[PDB]
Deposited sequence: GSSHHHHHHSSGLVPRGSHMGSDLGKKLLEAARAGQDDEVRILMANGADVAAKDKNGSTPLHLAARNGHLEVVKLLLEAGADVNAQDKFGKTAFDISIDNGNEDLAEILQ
């Protein structure tokens, strides 16, 4: 279907933003400081979803290594992989395979 991108308080909100923005160092620091990789925004998107929506491969790898649920589903029932398929980013899909 149509593409899903994301360029249009606590540590959770900051991690959601770092992931959405592809800022790996921010993501490392925030998770080290207890930011929850399971944090969710309004649309039920986790940091893994926002990184995926914007094609940030490095952030996706860091989140997965930190133990993020690769199969978490947003409010639409989509996983990061589904997002990569909808957006047509095969580089990302291969990483979430």
| item | value |
| --- | --- |
| Deposited sequence positions missing from the model - stretches, numbered from 1, in order | 1-4, 13-21 |
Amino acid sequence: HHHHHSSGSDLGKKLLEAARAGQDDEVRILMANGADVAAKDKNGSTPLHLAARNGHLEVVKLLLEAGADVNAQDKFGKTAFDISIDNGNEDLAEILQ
From here on, numbers count along this sequence of modelled residues.
{"query": "Between the two ranges 47-55 and 62-70, the one averaging a larger CA B factor in the entry", "finding": "62-70"}
{"query": "Residue stretch of maximal mean CA temperature factor, 37-45 vs 24-32", "finding": "37-45"}
{"query": "Chain-relative CA temperature factor third for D10", "finding": "highest"}
